[PDB]
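*Asks:* Structure incoming, see below.
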Amino acid sequence: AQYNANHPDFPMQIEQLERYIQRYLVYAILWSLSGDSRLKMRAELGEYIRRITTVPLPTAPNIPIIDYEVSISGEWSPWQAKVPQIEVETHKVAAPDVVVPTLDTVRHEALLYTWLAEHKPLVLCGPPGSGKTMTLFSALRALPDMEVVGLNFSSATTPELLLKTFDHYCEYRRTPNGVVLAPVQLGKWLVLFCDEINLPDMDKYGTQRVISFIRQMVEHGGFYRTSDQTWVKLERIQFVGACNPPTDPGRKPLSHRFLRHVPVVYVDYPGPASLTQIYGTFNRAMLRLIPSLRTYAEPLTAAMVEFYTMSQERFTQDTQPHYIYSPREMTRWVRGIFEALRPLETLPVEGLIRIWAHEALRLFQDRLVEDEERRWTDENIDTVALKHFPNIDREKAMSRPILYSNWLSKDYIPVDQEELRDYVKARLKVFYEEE
Amino acid sequence: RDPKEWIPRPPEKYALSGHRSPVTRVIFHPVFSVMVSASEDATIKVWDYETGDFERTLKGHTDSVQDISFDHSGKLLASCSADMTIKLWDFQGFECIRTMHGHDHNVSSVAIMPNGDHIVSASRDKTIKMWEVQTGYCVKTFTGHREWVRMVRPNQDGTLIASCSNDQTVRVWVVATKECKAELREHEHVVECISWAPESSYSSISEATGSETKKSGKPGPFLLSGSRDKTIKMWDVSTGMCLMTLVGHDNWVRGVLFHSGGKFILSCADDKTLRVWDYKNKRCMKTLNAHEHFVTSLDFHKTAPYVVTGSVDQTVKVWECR
Amino acid sequence: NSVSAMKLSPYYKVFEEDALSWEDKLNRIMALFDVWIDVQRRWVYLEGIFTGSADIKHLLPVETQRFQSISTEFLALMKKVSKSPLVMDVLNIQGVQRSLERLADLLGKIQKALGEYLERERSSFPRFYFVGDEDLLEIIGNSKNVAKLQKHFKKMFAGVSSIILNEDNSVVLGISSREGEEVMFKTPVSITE
Amino acid sequence: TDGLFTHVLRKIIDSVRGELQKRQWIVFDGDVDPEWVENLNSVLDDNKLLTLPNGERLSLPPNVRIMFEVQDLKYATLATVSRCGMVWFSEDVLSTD
Amino acid sequence: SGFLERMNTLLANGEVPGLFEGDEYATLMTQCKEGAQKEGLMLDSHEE
Ligand SMILES: Nc1ncnc2c1ncn2[C@@H]1O[C@H](COP(=O)(O)OP(=O)(O)O)[C@@H](O)[C@H]1O
C-alpha cells in the first residue's frame, strides 16, 4: 500500500505483487520459524525450505537465504547492500547513540520495525551485552511516533512497577465504554521496555505474577484496577521485553501462554569478524586524533579482539557470577583509549600500547577474585601486545606499575608510583583537617 | 625593569625558613620594606625582603594562623586562626591589642576594609562577619553560603565583598545592605582563592575580552576565582558572566592576583609552580618551579619589583622581577 | 445581552442547551481575548526595547535571552494564528488560554526587570522623570509608531498636548495644545535623520 | 505599586477597553479625614492631577467625577470643603412613608 | 528487598517512577523550574 501511495501513476501490478508476496512469505517463514535460534539453525531451515519450496530463491551457492531481504520490486537483494563501511566522527567514538551497521544489526532492525509497526509485543533474547537494547533503540529511531519507557525487572518485581509507570506516563480517563488508560501525550505509542522479564520469581506453583499481568494486558487489552475493581482498557500502549536465555542462572522459562502473543528474536554475540568491523571502525575514527598513530588501527583492533575473546573463554559464570564479558567491555575499552588520547597532541606507539594495556587491566582484571586469574591477565596482555605489536620497546610500554591519573597533571597521563604516593600523603594531610 | 611589566624570574633572591609548620599566607607591608608570613605553627613571623633577614615573631594565637592582612596605613595587622579567634596587632609595638571571638568554627580568612574601620572575616560556620576595629563588636553577619567559606575580599572602595566557599560558588555581597549582589557558580570544584581587579586593569580586561565600552565609562568590577578544578576564571560582577577561563595549572589553584600594572595575572597552585598569565591572549607566559612542595600563597608588591610565595615546605621565597 | 434577554424570555426552556453552549463560547472568547490584548501590547512595546537598544544585550544578558525565548514562542503562536485566523480556530487551539497566561506572566516578569534600564534611560531626556515606568516603556518601545505617543506629551510639557506630523509621520511639523491651538515650527524636526 | 484609587484612575485614563467613552464615577463611601483626603487636593482643584511620590502625575479625564458620600464632615478641613460642590441630604429628604 | 528494587531502578534509569507522588511531585516540579531557570533553560511542561 505504501508503494502504491509512492507511485500514484503506476500502482503495483498483479505479477509484481505475486512475486513480492511469494518472496516475502518465504522471508517471513524464515524469520518467524527461526528468528529465535542460532545462525546454524537458521541456515538449516533455509536449506530445508530451498529443498521443499517452488518459489524463486537466490542463486548464491553458499550464502543462505537469511542474508537476502525482499525488495519492493519483487526480487531478492542481499542485506550486505545496506551495510556500508561508514566513517564515524571522532567526537562520536563509541558513543551510546552510535551504531556501526552490520549484517545482523540491519536484519534485526528490519525485523523489529516489522514487528514494532504492528504494535505487536516482542521479546529480544540473548546473552548480556549482545546488543538487544541497542538494536531496539535503533529500530525505534525509525518510528518517530513511539516513546519508549525503560523498566528494569528483578527477582522482586511485581505488577506494581508497571502500575507506577502507568501512573507517571499515562492517565485513567472515563469513557462511555469504560475506563481507558492512554499516554498523557497524544498521537504517540508508549513502549514499555522491560529489560529482565524472566528474572521475576516463580512461586512454588510455577508462575510469575508480573508475567501473568503482562499476558492479561496483551491478550485481553487491559487489566483490572484493584482499587475499585474496574476493568481498565489499554490504549496506545505497547510492550517490548528483553532477557537472557532461560538456561542462564537466575532466569526462569516464560509461560507458553505468554509466548504465543510474543515473537522472540535471538540476538547472539557479534562474531570475531563483526567485532573486528565495528571496533576497527571505532579505532579508525579514534586514531585520527594522532595522525602518526593512524597506521596502527588494524593491529590495535586485532589485539583488542584477541584479548577479549581469550578473556571471555577463560573466565565464565561457572567460576564467578560476575565473570560476564560482552561487547560492552570492548565499548568501554574504546571509550577509555579515546578519552586518554583526546588531550594529547602527539604520542608514540609505546604510549598507545601502554594506554591499551591500562584499559585492559581496568576492564578485565579488576573484577577477578583469585590471584592466579590476575597473573594470567597480566601475562596474556603482555603476550597479546607483543604478538600484534612487534618491534616496540617492551619495557617502556609494559612497566608493571601501569598507573594513569590526572591528579598530578591537567590531563590523563601515566603517573609514577612514588610521586603519586607523596601527593596522596599530602592530600591525606589536608583530608584529615577537612573531612 | 619596565615599571608595569616586570614578572618574577627563576633565580630566587632569598629562601627564608624559620617556620616549623607549613606557611599559610604571605603579605607585603604597604609602607615599610618589611614582610609578614603566617604559618600553621600559630606564629606570625616578620621578615625584611631587601636583605632577607628574620626580624620578630608575633605569637599569641593558640592554633594555626590561616590569614593575615594590613590596613591601608600599615599600622594594624589583623590575623585569624584555627582557634576561632581574630587578633588585631599594633604593628608599631607588635602587641595584640584586641582578640575577637564569635565565629563557631575555624576562621579561614580575614580582611580589613579599605576605610580601615571594619574587619571582615570568613569561617567554617558558613558565615561572614564584620567587626568594628575600635570596639571589636560584631556588627554584621553575611549568611547564605551553604558550606565552609574559604576567603573574603573587599573591593577597592569597600562597597562590595566577594567570598568563595566549599559549595563551589563565589558570592558578591553588598557591604551596606547585606544583599547578595551576584552568585558566580561555574567552577566544577571547591573555589580556593579570589582576587579583585585593580582599576589599572579595567581597560586591559575590556580590550582583551572584547567588551564594548559601556555608556557609563565604568566597565564594572572584575573578579578572579582560583579553584580546585585547576582553572582560573575572570568574572564581570556587574553582569555575573565569566569573561574567560584560564587553563594550564596541573593541580588545585591556591592563590591568584593581578600584576600591579594590570597587565598580567600571577597565580600559584599545588603543582609546585608559580605561573604568570597573559590574559590578553588567555595563555600562560612563564612557569616558575617555585617550591619543592605545595605553594599555598603569593603576594606581589605594589611598587617594588618583588614577588613572595609561601609553601607547605615551611619556606618563604622572595623573587626578583626583571 | 441578547443571550440574557433570551434567558428571561418564557420560551427559553426548549432552547436552554444551545443558549448555554453559546454563553460558554462567548465567555471563553472574552476571557481569552482580554488576556490576549494585554499580551500583544506588552510584546509590542517590549520587542522595541530589546531590539532598538544595542546596550541592553550587555547590561541585561539573562533577561535578554529570556526575552528572545519568549518572543520566539510568541511568534510561533502568532504564526499558528495566521495559519487559521478564524476566531473559533484560535479559540480551539490546544492550550491557548494557558499559553496566553504563561506569556502574560513571563512578559510581566521581564517588564519588572527593566527598572534599572528605564531609570538610566531617563537621564538622556530629562522630561522622562515625570513619566511612569509603564508609560516610559510604551514611549521608548513604540517610538516607531508615533501615532500612539500623542497621549504622553501632556505629562512631559506644560501645554503641548500633541504634536503635528506630516503624512509620512516622519517629520515633526509642530505642536498642539488641548484647545486646538497650534504652533508651527519654523524648521521642522525630521525623525528619520 | 498602584493603590486602589490610583489603579482605578490609571485604568480609566489608559482606556484600553474604551473607559474614556463612558461616564466613570468614583464614589468614596466612608469617613473623611485629612490623612487620605488631602492627597486629593490637587485632584479636586483646578489642577485636576493626582501627583504620586514617584513623580508621576495623572490628569483627571473630563468624563471622571470624584464623589464623596459622607454622613458628617466634623474632621474634614477647610481645604477639602472648599474644593468640592456640597449637596446636603437632610433626614427629612427620605420620609418614613 | 524494596530498598534493592529502588536501587535497581535508580541505577539503571537515573529516576524512580513512583518516588515522587502527590504533593512531592508538585514540589519537585517547582524546584525543577527553579533549577532549569538557574541553568539558563526555559522548561514548562512537567514531561520536560
Ligand atoms: N554494530 C555495533 N555498533 C556499535 N556498537 C555495538 C555494535 N554491536 C554491539 N555494540 C556494543 O555492544 C553493546 C551492547 O550493549 P546493550 O545493547 O546494552 O546489551 P543489552 O541490551 O544486552 O544490555 C553496546 O555497548 C555497543 O557499544
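*Asks:* Yes or no: C:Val90 more than 12 Å from chain E (Cβ to nearest Cβ), touching a helix residue (DSSP H, G or I) at 6+ places or on another chain (Cβ under 6 Å) and surrounded by 14 or more Cβ atoms within 10 Å (Cβ to Cβ)?
*Replies:* Considered against the rule, which asks whether it is more than 12 Å from chain E (Cβ to nearest Cβ), touching a helix residue (DSSP H, G or I) at 6+ places or on another chain (Cβ under 6 Å) and surrounded by 14 or more Cβ atoms within 10 Å (Cβ to Cβ), C:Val90 comes out as yes.
*Asks:* When region C:95-150 is examined, which residues are found to be among the β-branched types (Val, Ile, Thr) and within 18 Å of the chain's Cα centre (by Cα)?
*Replies:* Residues satisfying the conditions are C:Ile110, C:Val131, C:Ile139, C:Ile140, C:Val146.
*Asks:* Residue pairs, Cβ under 8 Å, 6 or more apart or interchain, first in region A:142-153 and within 14 Å of another protein chain (Cβ to nearest Cβ), second of a type in the set (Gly, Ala, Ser). List them.
*Replies:* Cβ pairs passing all conditions: A:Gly150/E:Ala12; A:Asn152/E:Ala12.
*Asks:* Also, I was wondering about something else. Which numbered condition trips up A:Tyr279, out of (1) assigned to a loop (DSSP other than H, G, I, E, B); (2) within 13 Å of the ligand (Cβ to nearest atom)?
*Replies:* Every listed condition holds for A:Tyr279 apart from (1).
*Asks:* More than 12 Å from the chain's Cα centre (by Cα) and surrounded by fewer than 13 Cβ atoms within 10 Å (Cβ to Cβ): does that describe E:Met7?
*Replies:* yes
*Asks:* Kindly check whether there is at least one residue in region A:283-300 that is touching a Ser or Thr at 6+ places or on another chain (Cβ under 6 Å), more than 14 Å from chain B (Cβ to nearest Cβ), within 14 Å of the ligand (Cβ to nearest atom) and in a helix (DSSP H, G or I).
*Replies:* yes
*Asks:* Quick check on region C:135-151: of everything there that is in contact with a helix residue (DSSP H, G or I) (Cβ under 8 Å, 6 or more places away or on another chain), within 12 Å of chain D (Cβ to nearest Cβ) and crowded, with 16+ Cβ neighbours inside 10 Å, which residue is farthest from C:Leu46 (Cα to Cα)?
*Replies:* It comes out as C:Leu136.
*Asks:* When A:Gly222 is evaluated against the numbered criteria (1) surrounded by 21 or more Cβ atoms within 10 Å (Cβ to Cβ); (2) closer than 17 Å to A:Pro159 by Cβ, which criterion, by number, is the only one it fails?
*Replies:* (1)
*Asks:* Continuing with this model, one more query. Taking region B:112-127 as the region of interest, how many residues are part of a strand (DSSP E or B) and under 19 Å from B:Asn166 (Cα atoms)?
*Replies:* The qualifying residues number 5.
*Asks:* State whether the residues of region A:129-140 include one that is within 11 Å of chain E (Cβ to nearest Cβ) and either among the basic types (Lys, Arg) or farther than 30 Å from A:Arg328 by Cβ (or both).
*Replies:* Scanning region A:129-140 turns up no residue that is within 11 Å of chain E (Cβ to nearest Cβ) and either among the basic types (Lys, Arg) or farther than 30 Å from A:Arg328 by Cβ (or both).
*Asks:* Determine whether A:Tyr308 is away from chain B (no Cβ under 14 Å), away from the ligand (no atom under 15 Å from the Cβ) and touching a residue at least 24 places away in the same chain (Cβ under 8 Å).
*Replies:* no
*Asks:* Within region A:254-272, is there a residue that is of a type outside the set (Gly, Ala, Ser), touching a residue at least 12 places away in the same chain (Cβ under 8 Å), more than 27 Å from E:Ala12 (Cα to Cα) and within 16 Å of the ligand (Cβ to nearest atom)?
*Replies:* Taking every residue of region A:254-272 in turn, at least one turns out to be of a type outside the set (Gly, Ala, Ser), touching a residue at least 12 places away in the same chain (Cβ under 8 Å), more than 27 Å from E:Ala12 (Cα to Cα) and within 16 Å of the ligand (Cβ to nearest atom).
*Asks:* What's the number of the only condition in (1) free of Cβ contacts under 8 Å to residues at least 40 places away in the same chain; (2) in contact with a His (Cβ under 8 Å, 6 or more places away or on another chain) that A:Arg173 fails to meet?
*Replies:* (2)
*Asks:* Then there's this: Take residues that are within 14 Å of another protein chain (Cβ to nearest Cβ) and over 17 Å from the mean Cα position of the chain (by Cα) and tell me which of the helices (runs of 4 or more DSSP H) falling wholly in region C:1-85 contain 3 or more.
*Replies:* C:56-59, C:61-83
*Asks:* Related question: Can E:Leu11 be described as more than 8 Å from every other protein chain (Cβ to nearest Cβ), part of a loop (DSSP other than H, G, I, E, B) and out of contact with any helix residue (DSSP H, G or I) (no Cβ under 7 Å at 6 or more places or on another chain)?
*Replies:* Answer is no for this residue.
*Asks:* Scan (1) assigned to a helix (DSSP H, G or I); (2) touching a residue at least 24 places away in the same chain (Cβ under 8 Å) for the single condition A:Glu47 breaks and write down its number.
*Replies:* Result: A:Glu47 passes all but (2).
*Asks:* Still on this structure: Only one residue in B:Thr273, B:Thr309, B:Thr296, B:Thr315 is buried (at least 18 other Cβ atoms within 10 Å of the Cβ), under 19 Å from B:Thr24 (Cα atoms) and touching a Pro at 6+ places or on another chain (Cβ under 7 Å), so which one is that?
*Replies:* B:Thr296
*Asks:* Within region A:376-435, how many residues are part of a helix (DSSP H, G or I), of a type outside the set (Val, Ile, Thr), touching a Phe, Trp or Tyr at 6+ places or on another chain (Cβ under 9 Å) and within 27 Å of B:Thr296 (Cα to Cα)?
*Replies:* Number satisfying all stated conditions: 5.
*Asks:* In region A:84-198, which helices (runs of 4 or more DSSP H) lie fully inside it and hold 2 or more residues that are within 14 Å of the ligand (Cβ to nearest atom)?
*Replies:* Correct list: A:103-117, A:132-140.
*Asks:* Failed condition for A:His322, given (1) without any contact (Cβ under 8 Å) to a residue 12 or more places away in the chain; (2) outside any helix (DSSP H, G or I); (3) within 23 Å of A:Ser130 (Cα to Cα); (4) not small (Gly, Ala, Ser), with all others met?
*Replies:* In the conditions (1) without any contact (Cβ under 8 Å) to a residue 12 or more places away in the chain; (2) outside any helix (DSSP H, G or I); (3) within 23 Å of A:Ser130 (Cα to Cα); (4) not small (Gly, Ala, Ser), A:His322 misses (1) alone.
*Asks:* Now for a separate question. Please verify whether region C:107-118 includes one or more residues that are of a type in the set (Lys, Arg), surrounded by fewer than 18 Cβ atoms within 10 Å (Cβ to Cβ) and part of a helix (DSSP H, G or I).
*Replies:* Yes.
*Asks:* Now a separate question. Would you check which residues across region A:355-408 are among the charged types (D, E, K, R) and under 30 Å from B:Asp270 (Cα atoms) and list them?
*Replies:* Hits for region A:355-408 are A:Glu359, A:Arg362, A:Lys396, A:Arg400.
*Asks:* Of the residues in region A:165-199, how many are surrounded by fewer than 17 Cβ atoms within 10 Å (Cβ to Cβ) and polar (S, T, N, Q)?
*Replies:* 3
*Asks:* Just wondering, is there one or more residues in region B:55-73 that are closer than 21 Å to B:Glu320 by Cβ and in a loop (DSSP other than H, G, I, E, B)?
*Replies:* No: region B:55-73 contains no residue that is closer than 21 Å to B:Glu320 by Cβ and in a loop (DSSP other than H, G, I, E, B).
*Asks:* Consider region D:51-97. How many of its residues are more than 12 Å from every other protein chain (Cβ to nearest Cβ), outside any loop (DSSP other than H, G, I, E, B) and either under 30 Å from C:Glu134 (Cα atoms) or of a type in the set (A, V, I, L, M) (or both)?
*Replies:* Selection size over region D:51-97: 9.
*Asks:* Let me ask another. Say whether the condition of being under 30 Å from A:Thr158 (Cα atoms), touching a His at 6+ places or on another chain (Cβ under 7 Å) and more than 10 Å from every other protein chain (Cβ to nearest Cβ) is met by at least one residue in region E:18-36.
*Replies:* Checked region E:18-36: at least one residue is under 30 Å from A:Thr158 (Cα atoms), touching a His at 6+ places or on another chain (Cβ under 7 Å) and more than 10 Å from every other protein chain (Cβ to nearest Cβ).
*Asks:* Further question: Taking the options D:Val32, D:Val16, name whichever one is within 12 Å of chain C (Cβ to nearest Cβ) and outside any helix (DSSP H, G or I).
*Replies:* None of the others qualify; the one that does is D:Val16.
Readers should treat all values here as calculations from the given coordinates under stated rules, not as data from a laboratory. Please note: Cβ atoms are built from the backbone with ideal geometry, for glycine as well, and neighbour counts cover all protein chains shown.
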